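Think of it as A, B, C, D, E, F and G in the order they're written, each chain with its own count starting at 1.
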Amino acid sequence: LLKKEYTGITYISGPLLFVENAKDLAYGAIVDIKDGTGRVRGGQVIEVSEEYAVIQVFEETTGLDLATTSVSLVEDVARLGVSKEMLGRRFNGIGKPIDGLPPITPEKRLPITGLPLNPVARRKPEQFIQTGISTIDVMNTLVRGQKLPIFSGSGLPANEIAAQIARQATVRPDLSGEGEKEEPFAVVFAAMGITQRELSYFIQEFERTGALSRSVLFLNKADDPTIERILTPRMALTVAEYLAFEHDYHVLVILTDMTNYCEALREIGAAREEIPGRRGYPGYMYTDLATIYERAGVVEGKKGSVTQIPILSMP
Amino acid sequence: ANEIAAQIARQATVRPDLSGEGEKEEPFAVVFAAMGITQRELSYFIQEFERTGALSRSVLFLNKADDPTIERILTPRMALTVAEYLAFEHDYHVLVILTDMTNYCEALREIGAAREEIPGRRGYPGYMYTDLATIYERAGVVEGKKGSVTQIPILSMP
Amino acid sequence: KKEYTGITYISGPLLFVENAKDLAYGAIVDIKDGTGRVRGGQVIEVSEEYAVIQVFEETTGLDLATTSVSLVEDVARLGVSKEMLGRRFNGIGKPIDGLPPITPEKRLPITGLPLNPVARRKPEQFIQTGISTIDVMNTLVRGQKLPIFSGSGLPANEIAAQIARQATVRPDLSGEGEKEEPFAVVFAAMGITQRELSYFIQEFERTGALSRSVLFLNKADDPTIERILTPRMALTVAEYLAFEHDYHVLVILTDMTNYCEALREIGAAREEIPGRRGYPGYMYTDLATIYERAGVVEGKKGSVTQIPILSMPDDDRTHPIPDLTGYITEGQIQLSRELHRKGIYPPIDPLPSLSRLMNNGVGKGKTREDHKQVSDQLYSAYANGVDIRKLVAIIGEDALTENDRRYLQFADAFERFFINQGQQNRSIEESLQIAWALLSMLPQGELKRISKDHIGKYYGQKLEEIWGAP
Amino acid sequence: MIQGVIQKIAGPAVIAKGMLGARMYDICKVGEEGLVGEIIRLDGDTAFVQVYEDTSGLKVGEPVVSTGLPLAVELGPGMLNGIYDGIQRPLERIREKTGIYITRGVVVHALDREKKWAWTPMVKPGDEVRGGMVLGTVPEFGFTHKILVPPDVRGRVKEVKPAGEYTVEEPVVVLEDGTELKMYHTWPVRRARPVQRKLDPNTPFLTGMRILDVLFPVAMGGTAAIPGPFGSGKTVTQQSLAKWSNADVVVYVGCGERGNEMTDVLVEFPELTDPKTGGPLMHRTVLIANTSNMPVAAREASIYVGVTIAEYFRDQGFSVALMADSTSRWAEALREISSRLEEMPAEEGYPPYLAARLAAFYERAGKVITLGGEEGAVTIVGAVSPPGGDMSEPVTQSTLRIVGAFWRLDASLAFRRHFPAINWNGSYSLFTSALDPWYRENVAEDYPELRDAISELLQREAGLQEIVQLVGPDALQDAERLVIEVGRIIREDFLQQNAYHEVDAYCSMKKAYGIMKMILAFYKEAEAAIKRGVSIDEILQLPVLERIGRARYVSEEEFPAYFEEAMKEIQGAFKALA
Amino acid sequence: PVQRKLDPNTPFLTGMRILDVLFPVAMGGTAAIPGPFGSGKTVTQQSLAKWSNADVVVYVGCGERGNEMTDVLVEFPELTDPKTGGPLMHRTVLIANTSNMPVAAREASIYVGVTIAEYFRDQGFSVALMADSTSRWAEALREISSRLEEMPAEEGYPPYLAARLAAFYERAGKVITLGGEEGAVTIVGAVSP
Amino acid sequence: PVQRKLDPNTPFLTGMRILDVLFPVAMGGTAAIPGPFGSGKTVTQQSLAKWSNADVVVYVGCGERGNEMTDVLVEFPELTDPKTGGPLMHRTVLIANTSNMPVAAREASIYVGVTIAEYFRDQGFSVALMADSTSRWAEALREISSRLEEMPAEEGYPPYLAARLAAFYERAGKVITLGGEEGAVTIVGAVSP
Amino acid sequence: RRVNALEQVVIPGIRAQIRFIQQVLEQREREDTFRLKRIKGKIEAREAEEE
């Protein structure tokens, strides 16, 4: 397929840049920005019009100039190439491998924003999960298809609790007489704004348990670009949905410290001069958070399930 | 508040015997201005005025809750124009009741925000003091004339 | 010489003039109208098509047909000389005492260059202000920035006048006696009214303190840009004197709250978005450019010392003007309203006041060797007596021990004699004598913070020296 | 290069036309005086440049020249024993040519261009060089400065200069491509230097301070925050870390402090002595000095320059300690810069990206394997100053989220003249679990359990405070008076240190282990005597209390004899008791 | 349109003791149930749907979870209508617009629900209307006004929010229909501050 | 213009114990009396107009009720001047600009009042000037500033408000007139926060 | 009893009220900043209607 470039840059200020004659850029498309030194940046179209098109850059705009910069189209919708071989791999939130191994061969390319589940196609979650904790299993019991976050403080050990729940989780089919087999279990771990001292703990715990052979890890570090923190949970949820609803896996998704996600969203929103909300946060957080949490559940006629355990620290 | 206003309108009278005049007075004429009123309160007011027999002396200006909002700008002005005309041209004693000035203030804030006016506190336009003053200060008594205007506005504190 | 007549817009304090690209940014201009009256102005923006001028005074008589603009000077400059001692100025360099204008030795920009941090040296000598609560417990060191925090009705102006009247250096206490050193006081009054202006004029001339002082006085009805320019001119004169004639100068700034509000309206008039609580976002840097012009320099015998004065808006110490001042200054002296209402003058409360460079200007070789321990003991004993006084109101006087009653009487006598000095001019020796007389009311051995060597030398004197004449 | 002319002047903001081709965030020289600034916005043929210094006197039409590079530092020989501002201007050389004032538009070089250095080549023609390898060595004070190829340069060596005297400007190695490598190179301050791999923390950063690196230790390559109020010791502890730590090179950063406080640091520091060799402490330290009246851009960029220099010294195989004084004053400059750019505030006036910048600054620390195949580390200690002691301000939460240690100071212990004044109840450390495989191999096998026993003894004293604040201290039972007295002994003889003493200023791990063993040997025997049944006052009078107290001031080389003597003495004294 | 509006004089039996005894609501009245998260607003509105004595129940889920609609779709076909013995789902109309559905459709669902409730009123039935949340409708209005670059009044909401809310609640009441019959509509709206 | 300003050394007697004893004001001094609605600002100012020892009283009704001016017009001709014995209204000048009058005339009333008060100063009298509300002047300035589309201050006021307030208050004081006589003007201004 | 009552009840409520009032005032200031930005944008847009 051919490629098309645009060189009519007219205005650069902060995270935004304007392209003059780009009338054939679709709304929400992914663009590829190249400067005079050959370094390549990414960006997304946030507004398109006859006079110009507005593109925000995924990282800083140092080194760009109006004389040599060019913008190239990549795809009309942000997509992720998924495969059944992603189990046991590690990725940096934007989708590139960071384990040193060769990249994967995608079976399909799915949109990362997803689609809403039809309420008719859903079914009731009814399968009880035994976690091994009395205060949970008796008084706050967890069901396959539930989204049950953990509200934590600063110095409290929420991560140890999450790891213990991941280790000890079982479904107990004998109480309902549902056979003996296990429909395969999987763990999708996404970390946004995590530090090395903490990430090493999860890595060592997964290695000691031996659960790394059936897990997919998306890692976004504190020095990574701020936009890549926004995209991190969406790709993890896309992979989890693909596995659960096309290969009948019972996946368990752990999102760590969504407070970092909310502060990143506040940064991105305040970078575009918008009307703020209750404490400077954007006024549209409810929809943005609903587009992440609502992707879990169970579907009629299918064996797979998605279970979410987000973690957030209360300020 | 509506029950108290209705009771006041029902029971109000002067006492010429205490002042030594010895005159027997005539009942107040009532001008009733409703702004964004609901059916639950409008029906109560109508039934109260029917039971007390004061409809034959009353002029009613009704702007219901499902009516367009911007009409609330005009209603107090016409109600007070009628009250002033009656009191200072035909020597009536006029009692004016305005149901809810909060709805009037919201209707004014809508226009003020549509015109990008400089706001005061809590987003209300800066000229709301003058606009409220052009309504309230139309009451009082006039030298050399028998009539009078009395106002009992009602408003809800948020 | 050259006049620009292309005026195209007048509204409030601003006017636009076309084809004026020859005017430098920040220059001073004269605005002339058809009646012959001449007004001042400052250029605030220069462009290819037009320039923007902020006008002093008012713009009543102006019109687009006959107004003309002429250049005065590209950079605001002040003529400095040693003749300025004994003169008064209106805040922009114009005399108001009726004497002929001075002849300048030099003309210097009013905005000053920063001091090189490798050129400074540590402050090590004190200034005798004549007030016991400042000299003894919160000593002012040559090169320190020690602001005074006051309220609304508190007498800050009287304290400022007393300090300017009584300030002196003590070379006899330093080393073997050293030598005489010149001293001067620079007074800047900003946003004062007519009553305070008359008070200052009478106070400085009724006692002969004018012969060693320079006064910059700015009224409340004067233009605000003059209020902006006043402290920079005061500091320019102070720096010139100190670092070109080896004077020891003392700068008093009468009210920095007026300066901060004036900066606020100036920023608002230039379409700038404010920061915290409506104040400009660059207020910290602007205040730092004023305070950090004081200090002492290696290789130089002169020094500059500052005593800023400000009034807390609603007694809120978290307000931005008191908040940012504490981040640049080296302590504070806080006046108390309760002491003022009890009739005590000056109402200096020793508990929240603090001097951070005190330890460098006390000790043997200067003042007296028992200064620091005496100050610490007085602070602790007063802190005890204050809460004993509140405990008395509930539990009664008879329920106390003997030591608590002695602490209560010590607090009463302290507030009666040490703080309430009135208009007296006390030397450091007299203040230390009174301090040791007050400590003698406490029994020996309870003076924990003082060594036995000084206790065996100074303890025991009775209060009769000041008790016989409070 | 791109050259233009001024079109509009309005405060610090300048609009220059004819600048087509200039890049964003480049450093430009504005006007005939040469004022520096940054390009913040591009629009057609015009560029918006924000000038650092005072702009009064500028005129329309003066030239604007773009250097074509962002904010960067010169890295090479000659940085040790130097004093710099926030943008790496040598203040000492500025003083020589200007006087007591800093005139605007002065031009100086960070590295001296005329000093001769002793070159010694290591590579030979025909060798292939990649980023990070060593080209040669140059002696500098007590160290040997390794000359590194820039990280972005690779090629094959064509010609090498022989050994001799050269300046930093003369090329020493020229590649086959034609690129000439000098003794120095430049690197942007806001971009992290690359490494091969980051290692785990497994070695302690020995501070020499008993409470700090016994109760709340920090590993090598870790991070720590030390908040406190005035008179709380913040400064003495920092300079004590500079004096006594095992770090090779110390970097001191002062962001917008008071002038008279920078005066103390600049005057006192040359007078200190390095305990390793007896030479000046200045021979291994670099200071960045900024006062409140310097331009806000330098104050904001002060810490990035320091961390870049620390990373450069880490890349040579050294161990570097970085001390950032009062990061709150850096946050104030960040707030001012954001206000001048008309950005939306969040929380207490701060820009919404404060936490991102703080995370990006603290994440540069750690122990790594350098590109040259050698290990190195950077340790960051950052001082915080809350406005009123409330740790609920945004900066303190933003710091608490990422640091591995938290040394909370308190002025209440300074009022009692107990130093170091560290609140041991509010402090914490996260490096204890990964450090004990080093402790029980290089200190003693019983060290961790002894430390937990000492911590338990400290905790039990704190649980009896609501007894003593109601009932008089002397009325308590024997079993409680004993733990109160042992808590006082811990507070006065172990958790207290004198930095001005000849031998007490620095304490080793063997000495501290001996003291802790001594105290526990006292405590166990006193407890056993308590069930034996004796007068408690006699225990509080026994001469072994002097052996407890005087163990601090014994020298390092003669400690073990004293320890053995006290070990036999406590047993002999408690056997002599009835 | 209607002929007349009448004063309500008969209770709306909800099946809960505290609501039916202490704070009753009439057959043509309106009620609001504000509360924090996890307080009981949805369980109270589904219990009203299950146990009330209305003839037709219209449920409007403006911007809420998708599992609750599945619960309603599954449980209701098996329950029994209290006053006619048939399945409970035969008298229920569901309008569902979940939280991850398009935002601008939240405004339309409220109007669609109230229009259907008004239509069943004209046939002489007694209709009960439940709105799961009006704060989501307010958020949709806020988002649209933000796109229009209008000046917000308070908290970011458009200044005409109160007029819309008053116009929605005013459609309730007991009326005499154009056909001469008698019908009534009750509106119960949940608020999520 | 005048010849010379003089220091204040003579009290302005008001007739109220707390103001005369605890918080005195001199003959050429200035004072401010702020407070919420219903605290007593107008009654205090009218008592000062009745009982003070000033030779001439000038009253400025800037943007307040008309009944307050009617009370002064009706009751003052019946009272007695304390220091002359004639009718009280013979020494009083009233400037009236009520709330429903045009907005732009509020500033003009203040300036007219202060100019008349200075004119009576030049004849050797001691004049007391009462401003009923200086906040309405600021509100009028804000209303005009809205129509000018200029940049506002902290609460929408124009930035030059403090300069106007300072220029109004500094017109008071005890002076030596151009004819050599002595006069004084004292200003008491109310604030309505 | 009074000491315990004050320490465990009276102070935290006052602290919570202070923390609530501070947030309300900060939100109002932020809204004011947004409005000032919009009016400055309109002012700059006005001058370009006919150059």
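As a working rule, a residue touches a chain if its C-beta (ideal position, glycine included) is under 8 Å from a C-beta of that chain, and two chains touch if they have at least 3 such contacts.
Asks: If each step moves to a chain the current one touches, what is the fewest number of steps from subunit A to subunit E?
Replies: 1
Asks: B-F versus F-G: which interface comes out with more C-beta contact pairs?
Replies: Looking at B-F and F-G side by side, B-F shows more C-beta contacts.
Asks: If you average the CA atoms of subunit B and of subunit C, how far apart do the two points sit, in angstrom?
Replies: Between these chains, centre-to-centre, one finds 60 Å.
Asks: Please compute the C-alpha centroid of subunit C, do the same for subunit E, then give the distance between them in whole Å.
Replies: The computed centroid separation for subunit C versus subunit E comes out at 68 Å.
Asks: Which whole number of Å gives the spacing of the CA centres of subunit B and subunit D?
Replies: Comparing mean C-alpha positions, subunit D is 73 Å from subunit B.
Asks: Which residues of subunit B are in contact with two or more other chains?
Replies: 116, 119
Asks: Could you list the positions in subunit F whose residues touch two or more of the other chains?
Replies: Only 151-152 qualify.
Asks: Give me the residue numbers in subunit G that touch at least two other chains, ranges are fine.
Replies: 26, 30, 33-37, 39-40, 42-43
Asks: Report the residues of subunit D in contact with subunit G in the complex, numbered from low to high.
Replies: 342, 344-345, 347-348
Asks: Help me check something: in the complex, which residues belonging to subunit E touch subunit A?
Replies: Those residues of subunit E that touch subunit A are 65-67, 69-71, 73-74, 96, 98-101, 103, 136, 139, 142-143, 146, 152, 156.
Asks: Using the touch definition up top, name the residues of subunit A that touch subunit G in the complex.
Replies: Listed in rising order, the residues are 273, 275-276, 278-280.
Asks: Quick one: which bits of subunit F touch subunit C in the complex? Just the residue numbers, please.
Replies: 5, 7-8, 29, 148, 150-154, 158-160, 162-163, 166-167, 170, 173
Asks: Mind pulling up the subunit B residues that touch subunit F in the complex?
Replies: These residues of subunit B touch subunit F: 117-121, 126-127, 129-130, 133-134, 137-138, 140.
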